[PDB]
Amino acid sequence: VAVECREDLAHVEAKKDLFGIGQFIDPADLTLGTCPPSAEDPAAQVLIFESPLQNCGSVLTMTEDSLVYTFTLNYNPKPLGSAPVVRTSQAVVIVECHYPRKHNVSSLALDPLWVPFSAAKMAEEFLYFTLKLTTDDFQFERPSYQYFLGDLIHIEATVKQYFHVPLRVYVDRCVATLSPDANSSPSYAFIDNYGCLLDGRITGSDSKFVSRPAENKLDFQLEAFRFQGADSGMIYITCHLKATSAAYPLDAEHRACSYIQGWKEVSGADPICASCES
Amino acid sequence: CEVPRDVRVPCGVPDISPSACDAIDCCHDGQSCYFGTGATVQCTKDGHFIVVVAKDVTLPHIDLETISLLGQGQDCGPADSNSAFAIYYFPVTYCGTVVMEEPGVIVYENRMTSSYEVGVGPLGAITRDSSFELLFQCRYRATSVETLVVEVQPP
Amino acid sequence: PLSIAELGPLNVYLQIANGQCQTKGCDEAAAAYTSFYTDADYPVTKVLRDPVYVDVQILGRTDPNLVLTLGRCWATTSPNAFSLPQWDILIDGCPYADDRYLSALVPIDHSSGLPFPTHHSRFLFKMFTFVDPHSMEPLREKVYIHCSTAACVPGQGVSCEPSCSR
Ligand SMILES: *[C@@H]1O[C@H](CO)[C@@H](O[C@@H]2O[C@H](CO)[C@@H](O[C@@H]3O[C@H](CO)[C@@H](O)[C@H](O)[C@@H]3O)[C@H](O)[C@H]2NC(C)=O)[C@H](O)[C@H]1NC(C)=O
Ligand SMILES: [Yb+3]
Ligand SMILES: [Yb+3]
Ligand SMILES: [Yb+3]
Ligand SMILES: [Yb+3]
């Protein structure tokens, strides 16, 4: 008598010579649990039972480590002939199939995919500047751009702040001509050398810068002149403007100068214009 | 520039020419200007940043609640946006923007960084959020040239 | 009486399905487990935050009395289930609470139509990648998933169903 505990069915090879006494046994008076399957075996004398693990009255039990399937193999022979005499005893065999119930089932590799972002964008823009004429108090526009000889042409230069850091504007160069072309002769560079207002030095005029009403603002006054032989009074003033933060120092290039009996400029920082003596 | 039309943020002005729209990292279609794929940064004469970000810049498409600027504040959050993009609009003096000087340029710099969360357990650390970083500058040009005209006559 | 006895095998396997939609508006939870990956599909590239469906099944059984319950389920970088780093997925069947991308069990079997539905145990979570514990930058080392299981038979009399703090 032997057993094989397959995954889904049980195979039970019982012996015909169950008692081992050279006797017939089994006039179909035997069952495995409640089912009595018998596969004819006329050569090995082994009656082959088969039964699903949960069938034929199997008892499923459990332990910390194992499951169990129990089958009751029963043999209850009927009396043979017209008498109650039974030749052999009943038989019972405990059949247990244990199964490990705890398993660490794993999986194959999964490749994690993502895409980080890193870049360095950039964009550019221009500041806002204006050069304009002013009335005699530097507060309002003077659209009457016509003046007489010797009159003081009041002029404002401004850079517009908006939401920028506080700025300071400078006049780098200013040339006067009789045509819009800055290189057209005649020309007169009345502001040069990084803001040196040379007119006050050259003509002795009262041409001079005016203290900044605002850092983004700059003011000055120019004495009117013409050119010898010029029939028209038109003068085409062309300038160049710079602007930086007010945190930037007053230096040899970012200055605004005028020769007022010497050099005293940008509202007090006089020595900065020391290099206008050239 | 295959942006679906229901989420197209416009650039420039309706009269903007195709060349002007392409010169500012925006795409044209013959009748409109809208921001293209990726991300874009633009600057304006009034002194503000324009930051346009698409949700596809990173994988996974970052849940927009997690991103913050270099500095924080009320005016430092997202502005009007849509399902695919987000726009940040703020002065260049705001939200931790750094300012720098160059002899001929005024530079503003700001960097967006998303805080991608790291999850921690007793035996290790993981994450499910992709990192984000966007450095950008605005560079305003000085050295503007201006001209006016007068007339002078004898007294 | 005699007490003949022998050993008996029991096999379980864990596989990955696919949350596809054969029609617009399909149920992703039920559609997830309509097909699974073969070994040739691996390494299966998966995006971060993506859903990951997991099916555990008892193989080759005709016993309807077995209910597959799950203990600890976790993930590591290597096939060694005891390697580091690790991240928990399930605890005693209940989800690992210290994870805002929470895991969840999916015991849809009233409509799965599969035979012996209690032999299967299914759950999903969101894909991740491991992070270096000192650089805070995510690594590119493959993710491996592992579980621990138990055969929880009602005949024995047990409440292995996850009693969880929801
Ligand atoms: C199947 O997976 C389980 C995990 O659920 C494995 O059990 C784990 O076994 C390790 C030892 O290999 C245990 O680690 C130990 O932890 C204690 C503290 O709990 C520590 O003092 C020891 O030095 C050691 O590090 C781990 O705790 C344990 N986990 C659980 C939940 O019990 C099991 O080994 C795996 N393999 C099987 C079951 O064949
Ligand atoms: Yb044990
Ligand atoms: Yb036993
Ligand atoms: Yb969200
Ligand atoms: Yb909007």
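The rules behind these values
Residues numbered from 1 in each chain as written, not as in the entry; some residues may be left out. Chains lettered and ligands numbered in written order. Heavy atoms only, no water. UniProt positions renumbered as here; feature names shortened; annotations may be inferred. Patch = residues over 30% accessible without salt bridge, like charges linked within 9 Å, V, L, I, M, F, W, Y side chains within 5 Å. Areas by Shrake-Rupley, 256 points an atom, 1.4 Å probe, with all protein chains shown as cover. Salt bridge = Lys/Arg side-chain N within 4 Å of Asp/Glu carboxyl O. Helix = DSSP H or I, 4+ residues; strand = E, 2+ residues; numbered from the N terminus. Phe/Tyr/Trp six-rings, centres within 6.5 Å; stacked < 30°, edge-to-face > 60°. Buried < 20%, exposed > 50% of the residue type's maximum accessible area, 1.4 Å probe, protein only. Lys NZ or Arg CZ within 6 Å of the ring centre and 35° of its normal. Pairing = 2+ DSSP bridges. Disulfide = S-S within 2.5 Å.

Per the PDB entry, chain C carries the name Choriogenin H and comes from Oryzias latipes.

Going by what the PDB entry lists, chain A is known as Zona pellucida sperm-binding protein 3 and is assigned to Oryzias latipes. UniProt, in the comment section headed Function (unreviewed entry), describes chain A in these words: "Component of the zona pellucida, an extracellular matrix surrounding oocytes which mediates sperm binding, induction of the acrosome reaction and prevents post-fertilization polyspermy. The zona pellucida is composed of 3 to 4 glycoproteins, ZP1, ZP2, ZP3, and ZP4. ZP3 is essential for sperm binding and zona matrix formation." Under the heading Sequence similarities (unreviewed entry), UniProt records this for chain A: "Belongs to the ZP domain family. ZPC subfamily."

Attention now moves to a nonpolar patch on the surface. On the surface, A:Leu18, A:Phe19 and A:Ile21 cluster together to form a nonpolar patch covering roughly 240 Å² of accessible area. Summarising the element assignment, A:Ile21 is placed in the loop between β2 (9-15) and β3 (30-32).

Per the counting criterion, the structure on display carries 14 aromatic pairs over all chains. Consider the rings of B:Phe49 and B:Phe136, whose centres lie 5.6 Å apart with planes at 70°: the pair is edge-to-face. In this pair, B:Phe49 is assigned in strand β4 (residues 48-54) and B:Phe136 in strand β11 (residues 132-141), connecting sequence segments 87 residues apart. Comparing B:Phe49 with B:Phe136 shows no difference in burial state: the two are buried. Looking at A:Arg201, its charged tip hangs above the ring of A:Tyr259, at a distance of 4.7 Å from the centre.

Glancing now at the sheet that holds strand β14 (residues 187-192) of chain A. If you walk across this open sheet you meet the 7 strands as β11(A)-β12(B)-β18(A)-β13(A)-β14(A)-β15(A)-β19(A), and the pairing is mixed. Single-partner strands in this sheet number two, and they are β11 (146-148) and β19 (257-258) of chain A. As judged from the 2 bridges shared by β14(A) and strand β15 (residues 196-197) of chain A, these two strands associate in the antiparallel manner. For A:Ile191, the partnering residue across the bridge sits in β15(A) and is A:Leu197.

Our focus in this paragraph is the state of the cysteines. Formally, a disulfide is one covalent bond, and it connects the sulfur atom of one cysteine to the sulfur atom of another. All names here are of chain B. For the structure shown, the criterion picks out 14 disulfides over all chains. The disulfide partner of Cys11 is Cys26, and the gap between their sulfur atoms is 2.0 Å. Judged by the torsion about the S-S bond (-95°), the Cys11/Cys26 disulfide is left-handed. Residue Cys11 is located in the segment before α1 (18-22), and its partner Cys26 is located in strand β1 (residues 26-28); the two are separated by 15 residues in the primary sequence. Just as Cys11 is buried, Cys26 falls in that class too. Each disulfide pairs two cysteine sulfurs, and for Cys21 the partner residue is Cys33, the sulfurs being separated by 2.0 Å. Classification of the bridge connecting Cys21 and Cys33 rests on its S-S torsion, roughly 90°, and on that basis the disulfide is right-handed. With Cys21 in helix α1 and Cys33 in strand β2 (residues 33-35), this pair connects stretches of sequence that are 12 residues apart.

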